[PDB]
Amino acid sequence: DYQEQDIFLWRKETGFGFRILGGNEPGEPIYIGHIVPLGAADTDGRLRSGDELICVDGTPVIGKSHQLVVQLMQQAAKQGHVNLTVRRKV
């Protein structure tokens, strides 16, 4: 029921510009919350609030935790860029 997108973002000094929700309870999806105006994600224009996050930099996070996905984003921040694979209901 979804469309999948692979999104690349350069990090800005302020980060990638979006909030991550979910993955708190078993089976709970990880997904995009608020997108910051003029941040990397907004500027790039592909990410949408509500998109389900399924992979970060080649590491799958389906069925995995909020903690893991934040860890992967912190590693991406260190390297200065991230690849996101997302799914959105269509």
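All residue numbers are counted from 1 along the displayed sequence.
Colleague: Determine, for stretches 13 to 21 and 66 to 74, which one has the higher mean CA B-factor as deposited.
Modeller: Between 66 to 74 and 13 to 21, it is 13 to 21 that shows the higher mean C-alpha B-factor.
Colleague: Comparing 25 to 33 with 40 to 48, which stretch shows the greater average C-alpha B-factor in the deposited entry?
Modeller: If you average the C-alpha B-factors of 25 to 33 and of 40 to 48, the larger mean comes out for 40 to 48.
Colleague: Taking the values exactly as deposited, rank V90 by C-alpha B-factor within its chain and report the matching third: lowest, middle or highest.
Modeller: Answer is highest: the recorded C-alpha B-factor places it there.
Colleague: Thinking about Cα B factors across the chain, which third does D1 belong to?
Modeller: Highest third.
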